[PDB]
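**Student:** Supplied in structure tokens, the structure appears directly below.
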Amino acid sequence: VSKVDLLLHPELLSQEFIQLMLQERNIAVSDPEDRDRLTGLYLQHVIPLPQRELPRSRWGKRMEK
Amino acid sequence: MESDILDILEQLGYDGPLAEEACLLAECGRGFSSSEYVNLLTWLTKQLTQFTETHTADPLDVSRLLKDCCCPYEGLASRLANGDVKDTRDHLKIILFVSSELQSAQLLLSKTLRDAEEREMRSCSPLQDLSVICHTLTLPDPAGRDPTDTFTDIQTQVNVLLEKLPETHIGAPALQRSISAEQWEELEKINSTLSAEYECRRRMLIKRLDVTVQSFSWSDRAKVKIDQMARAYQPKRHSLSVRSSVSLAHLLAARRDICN
Amino acid sequence: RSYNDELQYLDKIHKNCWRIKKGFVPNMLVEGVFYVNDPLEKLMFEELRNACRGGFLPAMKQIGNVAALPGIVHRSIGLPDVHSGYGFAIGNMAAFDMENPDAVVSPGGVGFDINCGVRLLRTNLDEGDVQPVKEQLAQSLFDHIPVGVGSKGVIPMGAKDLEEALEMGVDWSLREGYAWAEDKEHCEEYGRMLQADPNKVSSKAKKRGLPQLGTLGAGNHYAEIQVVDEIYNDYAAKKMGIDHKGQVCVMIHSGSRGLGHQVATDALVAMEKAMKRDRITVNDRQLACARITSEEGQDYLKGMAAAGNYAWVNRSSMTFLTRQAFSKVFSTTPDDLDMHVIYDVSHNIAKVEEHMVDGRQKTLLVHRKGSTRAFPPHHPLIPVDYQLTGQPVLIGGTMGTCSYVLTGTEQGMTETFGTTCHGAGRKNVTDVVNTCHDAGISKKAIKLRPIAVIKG
Amino acid sequence: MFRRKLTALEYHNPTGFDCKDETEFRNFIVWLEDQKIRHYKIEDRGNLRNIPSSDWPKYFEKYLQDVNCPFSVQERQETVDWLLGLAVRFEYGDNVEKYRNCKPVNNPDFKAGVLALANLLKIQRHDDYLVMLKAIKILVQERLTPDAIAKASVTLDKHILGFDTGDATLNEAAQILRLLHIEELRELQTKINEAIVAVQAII
Amino acid sequence: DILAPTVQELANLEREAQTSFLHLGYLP
């Protein structure tokens, strides 16, 4: 419960913690001083997303049943 | 694996008799003997060869494509070339692989085209402004056209909506007095310092929002409703920007209504 | 001292500004001033003459004693409603520079009732619409809001809820759903104080103030409803959301209940002991002062911040209760009624501002007892609506006289550190408002007249 | 190998991916689960998120069985390809029509026209021939739009500039710039209020 | 550290905004 709350808010994370996550996931980092690039990379690759709604295809119908 | 292949075919769109699971299973069990199978393989492989940089469903050609397209299935290429394998599972696997590769190639090409057009838009050129005006005034795209022709077109277009609306709609400019070229450097400096100060103010506002949402996140219900909070907060929050977009063009285009 | 020997120490700068030079009281550090018109001069001078001819010092002498504490910069200021009170005079203003280690805080400077203030709500109805159901509305407001000594808040609370409210403030009230997102915008300090520690509050205060939340209390606290009477600034009134006369508004005047008083007393009892070690002597034993960089000073600052957050939570809860009552009476959603909040000012808080003195920037901790903060237009701590007209200042009076809505000015920011009056005090509210307007420290925009008042 | 499929899904290391690695495979699996598939909730993925534990493969089997994948981890490459195809299919099911049709395959009169257009729309002349063109762009976008045409049917000195540059004509421009900046800041504040309301509506 | 001090840096931002506001139009 703590880890998901930590990963879902890049705004409150420290610079060092964001850099540690980016290095742990083996993500290439350029201009590490700038916060904007680090936040962009974190939002593009690391942040989780909510559950996707069931697709209209047959797989979604099978999953619903 | 029948469901996955049927879903892929429905996504790609097929008018053949493959919409029935039983017919597809029977055709796959038949193997390369069915003309439907070879026709479908040719239909997929022509587009797959068109999409790949290196540019008849005989086993040799499709096996060569599998070798070229970095097909990762264990022994599929060699066994397909030899023809020893006749199991229907191999047929399902090869159909699935080729269809998924075609779908991925289409997605890659579409994303590359979108990125290229976005990069072209990013350039600070009159073309972006002209395209914006033409799109918002239902006019043909001026790109690739004579500039005088497009200018006359937009000129003639503007009046037909000018008189339809009341005259007191556009209004008079708020910047009434004439400004010489000497004062423009000082005006630019004033705009720059104002922009810096208001950027700082905007950043402080965004940080206040950050603190408020952090205080929110410690609620007891905040630990059980993570999905809804993420879905309703991430896209709203990650669209705000600290940069101030006011420029001298806004000053020139400002009308008397903003100065009331 | 002789009366003429006393009055030899007073002079005038201009029509609406006197001046008390050094020597009025021992060990002064800078001259004092006060803003009074002709009617106010008579009252002040009669008080001084009678004092020179009771156990309470005169207002001018209390200004003088305040003008001697270490670290004080610029001049001691007496707003047109200044009158005698415990420690600092009621309506007296003083700012201390944090850079000087000799600077001190004062529990009496902030006040016993920490962070009591006025919040205004606008409503799109008219006087002729409320009047037919005026009695029903008054009864519903009286029954819905628990007002009186010993009354308990209708909504429940516990130790965890109280601790969270002390830590956060309006954020807690807005998270539970008691206040909209707009309420946090139109609040001084944006509704909460950044530095605050609930564990710096004595547990006795927390125990005492647990059932007191949402309760108006006795004294000058009320939740009255009134009608707009006149508009002096059309642009300011339009910005505030009041365009035509006859509009309905509701002001809630409320304090910190028992947390503020208990924090003040528990800080004073230790501050007096710390004074002996700190080697600080002043004219009056009631002027408690210890260094800013001290355990007692920091503890009092944190306790006062927690009391302010509690008072803001109480005011937000009162706003929610009033909104619910109005919605139930008029059978309409409160958002449709446009029951927003114009502003929320606090006149019993000391805050760390960044005024400019003698052309040199300085970070000043400012005590404001009985006086309301005002800021000039374009200040970066005012809502976006009021960035062109200046911060609203609401003169919360009592039953009878009409409350006022002034706005700050550029002159007041550089002259009186952006501070204006906060009521008549223990005088005429109209005279005080006129004195503030003529002195260049405010300008009136709306005048509101009461119809119904809810007291205890 | 998996290069095109990963690139279509916008992977951060399209080339450096290796299927046979131990930790990096789990990192990729968790990235695909929380980014390109999104089956469960964020909080439920915790057991799958824990990378270095020795009990992780059991949760991997549970995840593979839940999505009803025809294969298992006995063939790691098989499941990698199937999951990549599933993610690409999920991305495909947004706009089928547009994705199906993809197939690889200082002038004086300009300045005169811009000047005429600016004169028609009451825009003051400027030294640079591109600034007033941007002015026409903003004006047309703000006023010549379907919403504005559908909705078609205090003095300047009364405001406070907050300072004084000492000029009589630059003061008006400073006031206008201040008003524009205030309007942008108000727009940002409105968005912030909307976000706070949306978040608090859940609780 | 796993978390950053947000309230302190918010106070710093507010102070910086006040300094900029004073420097713009109150400089003698």
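Protein chains in written order, with the entry's author numbering: chain F, 18 to 82; chain D, 1 to 55, 62 to 266; chain C, 3 to 55, 60 to 432, 476 to 505; chain E, 1 to 105, 124 to 171, 179 to 228; chain B, 706 to 733.
Quick reminder that beta carbons are idealized off the backbone N, C-alpha and C, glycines included.
What does the Cβ neighbour count give for C:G223, buried or exposed, with the cut at 16 atoms within 10 Å?
**Tutor:** By one-based count along the third sequence, residue 223 of chain C stands at place 217. Buried: at least 16 other Cβ atoms inside 10 Å.
**Student:** Using C-beta distances below 7 Å, list every residue in its chain close to C:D119, excluding the 5 sequence neighbours before and after it, in chain order.
**Tutor:** Translated into positions along the third sequence, residue 119 of chain C becomes position 113. The answer, listed in chain order, is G261, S262, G266, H267, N354.
**Student:** On the criterion of 16 or more Cβ atoms from any shown chain inside 10 Å, does E:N124 qualify as buried, or is it exposed?
**Tutor:** Position 106 of the fourth sequence, counting from 1, holds the residue named residue 124 of chain E. E:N124 should be labelled exposed.
**Student:** Taking all protein chains shown into account, do 16 or more other C-beta atoms lie within 10 angstroms of the C-beta of D:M127, making it buried, or fewer, making it exposed?
**Tutor:** As a first step, residue 127 of chain D is located in the second sequence; it is residue number 121 there, counting from the start. D:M127 should be labelled exposed.
**Student:** Hey, out of C:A101, C:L216, C:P204, whose CA is closest to C:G156's CA?
**Tutor:** Mapped onto the third sequence, residue 156 of chain C falls at position 150. Of the listed residues, the one whose Cα sits closest to C:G156 is C:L216.
**Student:** Helix, strand or coil: how does DSSP classify E:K152 here?
**Tutor:** Position 134 of the fourth sequence, counted from the start, is the residue given in the question as residue 152 of chain E. Helix.
**Student:** Below 8 Å, how does it come out for the stretch 66–86 of chain C and the stretch 288–301 of chain C: are there three or more Cβ pairs, yes or no?
**Tutor:** Yes, they touch.
**Student:** Residues of chain C with CB under 7 Å from B:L708, in chain order?
**Tutor:** For the purposes of this step, residue 708 of chain B is taken as the residue at position 3 of the fifth sequence. Going along chain C, no residue has its Cβ under 7 Å from B:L708, so there is no contact; the nearest lies around 16 Å.
**Student:** Pick helix, strand or coil for F:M80, following the three-state DSSP scheme.
**Tutor:** As a first step, residue 80 of chain F is located in the first sequence; it is residue number 63 there, counting from the start. Reduced to three states, the DSSP call for F:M80 is helix.
**Student:** Could you check the C-alpha separation between D:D121 and C:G197 for me, to the nearest Å?
**Tutor:** Sequence index remark: in the second sequence, residue 121 of chain D carries index 115 (1-based). Sequence index remark: in the third sequence, residue 197 of chain C carries index 191 (1-based). CA-CA distance, D:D121 to C:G197, rounds to 44 Å.
**Student:** Could you name the residues that DSSP lists as bridge partners for C:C427?
**Tutor:** Reading the third sequence from its first residue, position 421 is the one you call residue 427 of chain C. Answer by DSSP bridge pairing, in chain order: C:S377.
**Student:** Find the nearest neighbour of D:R30 within the set D:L98, D:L114, D:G81, judged by alpha-carbon distance.
**Tutor:** Counting from one through the second sequence, the residue named residue 30 of chain D turns up at place 30. With distances taken between Cα atoms, D:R30 lies closest to D:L98.
**Student:** With a floor of 4 residues, list each alpha helix (DSSP H) that falls wholly inside the stretch 6–36 of chain D, ordered by position along the chain.
**Tutor:** 21–30
**Student:** Using a Cβ-Cβ cut-off of 6 Å (strictly less than) and excluding sequence neighbours within five positions of C:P499, which residues of its own chain qualify?
**Tutor:** By 1-based counting over the third sequence, the position of residue 499 of chain C is 450. Excluding sequence neighbours, C:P499 sits near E230, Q232.
**Student:** Are the stretch 160–177 of chain C and the stretch 359–372 of chain C touching by the rule of at least three beta carbon pairs closer than 8 Å?
**Tutor:** no
**Student:** Can you tell me whether C:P86 is buried or exposed? The criterion is at least 16 other CB atoms within 10 Å of its CB, across all chains shown.
**Tutor:** Walking along the third sequence from the start, residue 86 of chain C turns up at place 80. Counting Cβ neighbours within 10 Å, C:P86 comes out buried, since at least 16 surround it.
**Student:** Can you say whether D:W43 is buried or exposed, counting buried as having 16 or more other CB atoms within 10 angstroms of its CB?
**Tutor:** Within the second sequence, numbered from 1, the residue matching residue 43 of chain D stands at position 43. The residue in question, D:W43, is exposed, as its Cβ has fewer than 16 Cβ neighbours within 10 Å.
**Student:** Alpha carbon to alpha carbon, what distance is there between D:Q189 and C:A331?
**Tutor:** Here the question's residue 331 of chain C lines up with position 325 in the third sequence. Here the question's residue 189 of chain D lines up with position 183 in the second sequence. Across the structure, C:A331 and D:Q189 are spaced so that their CA atoms are roughly 58 Å apart.
**Student:** How is E:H206 classed by DSSP in three states: helix, strand or coil?
**Tutor:** By 1-based counting over the fourth sequence, the position of residue 206 of chain E is 181. Three-state DSSP puts E:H206 in a helix.
**Student:** Taking the CB atoms as reference points, tell me whether C:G414 and C:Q393 lie closer together than 7 Å.
**Tutor:** Taking the first residue of the third sequence as 1, we reach residue 414 of chain C at position 408. Taking the first residue of the third sequence as 1, we reach residue 393 of chain C at position 387. No, Cβ-Cβ distance for C:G414 and C:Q393 is not below 7 Å.
**Student:** On the three-state DSSP scale, how would you describe C:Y316?
**Tutor:** Taking the third sequence and counting its residues from 1, one reaches residue 316 of chain C at position 310. Three-state result, C:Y316: helix.
**Student:** In terms of residue numbering, what span does the beta strand (DSSP E) encompassing C:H259 cover?
**Tutor:** Within the third sequence, numbered from 1, the residue matching residue 259 of chain C stands at position 253. From DSSP, the beta strand (DSSP E) with C:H259 extends over 253–260.
**Student:** Kindly list, in the order they appear in chain D, the residues whose Cβ is closer than 7 Å to that of C:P386.
**Tutor:** Here the question's residue 386 of chain C lines up with position 380 in the third sequence. Contact annotation for C:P386 against chain D: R207 [CB-CB distance below 7 Å, chain order].
**Student:** With distances taken from CA atoms, which of E:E219, E:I141, E:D55 is nearest C:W186?
**Tutor:** Counted from its first residue, the third sequence places residue 186 of chain C at position 180. Nearest C-alpha to C:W186: E:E219.
**Student:** Would you mind telling me which residues of chain E sit closer than 8 Å to B:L729, beta carbon to beta carbon, in chain order?
**Tutor:** As a working note, residue 729 of chain B is residue 24 in the fifth sequence. For B:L729, the chain E residues whose Cβ falls inside 8 Å of its Cβ are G187, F188, in order along the chain.
**Student:** Contact check, C:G77 vs C:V88 under 8 Å by CB: the rounded distance?
**Tutor:** The residue you call residue 77 of chain C lines up with position 71 of the third sequence. The residue you call residue 88 of chain C lines up with position 82 of the third sequence. Contact flag wrong, Cβ pair sits at about 21 Å.
**Student:** Taking the C-alpha atoms as reference points, what is the distance between D:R237 and C:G34?
**Tutor:** Numbered from 1 along the second sequence, position 231 holds the residue referred to as residue 237 of chain D. Numbered from 1 along the third sequence, position 32 holds the residue referred to as residue 34 of chain C. Answer to the nearest angstrom: the Cα atoms are 59 Å apart.
**Student:** So D:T54 and D:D74 are in contact, right, with Cβ under 8 Å, and what is the actual spacing, rounded?
**Tutor:** As a working mapping, residue 54 of chain D is identified with position 54 in the second sequence. As a working mapping, residue 74 of chain D is identified with position 68 in the second sequence. Going by Cβ atoms, the distance from D:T54 to D:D74 rounds to 6 Å, so yes, they are a contact pair.
**Student:** Please return the same chain residues whose Cβ sits closer than 6 Å to the Cβ of C:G93, not counting the five positions on each side in sequence.
**Tutor:** In the third sequence, counting from the first residue as 1, residue 93 of chain C sits at position 87. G114, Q292, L293, listed in sequence order.
**Student:** From C:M99 to C:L327, what distance separates their C-alpha atoms?
**Tutor:** Within the third sequence, numbered from 1, the residue matching residue 99 of chain C stands at position 93. Within the third sequence, numbered from 1, the residue matching residue 327 of chain C stands at position 321. In a straight line, the C-alpha of C:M99 is about 34 Å away from that of C:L327.
**Student:** Could you check which residue in C:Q201, C:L400, C:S4 has the C-alpha nearest to that of C:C54?
**Tutor:** Looking up residue 54 of chain C in the third sequence gives position 52. When each option's Cα is compared against that of C:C54, the closest is C:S4.
**Student:** Of the choices C:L147, C:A73, C:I15, whose alpha-carbon is the least far from that of C:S333?
**Tutor:** By one-based count along the third sequence, residue 333 of chain C stands at place 327. Nearest of C:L147, C:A73, C:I15 to C:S333, Cα basis: C:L147.
**Student:** Check whether the stretch 205–215 of chain C and the stretch 406–424 of chain C are in contact - that is, three or more C-beta pairs closer than 8 Å.
**Tutor:** no
**Student:** Strictly under 7 Å for the Cβ-Cβ distance: is C:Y349 near chain E by that measure?
**Tutor:** Stepping through the third sequence from its first residue, residue 349 of chain C is reached at position 343. No - not a single Cβ of chain E is within 7 Å of the one on C:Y349.
**Student:** Near F:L55, what residues of its chain come up, given a Cβ to Cβ distance below 8 Å and the 5 sequence neighbours on each side ignored?
**Tutor:** Taking the first sequence and counting its residues from 1, the one referred to as residue 55 of chain F is at position 38. So the list reads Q32, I35, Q36, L39, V46, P49, once near-sequence residues are dropped.
**Student:** If we count Cβ pairs, one from each stretch, closer than 8 Å, do we get three or more for the stretch 127–143 of chain E versus the stretch 143–159 of chain D?
**Tutor:** yes
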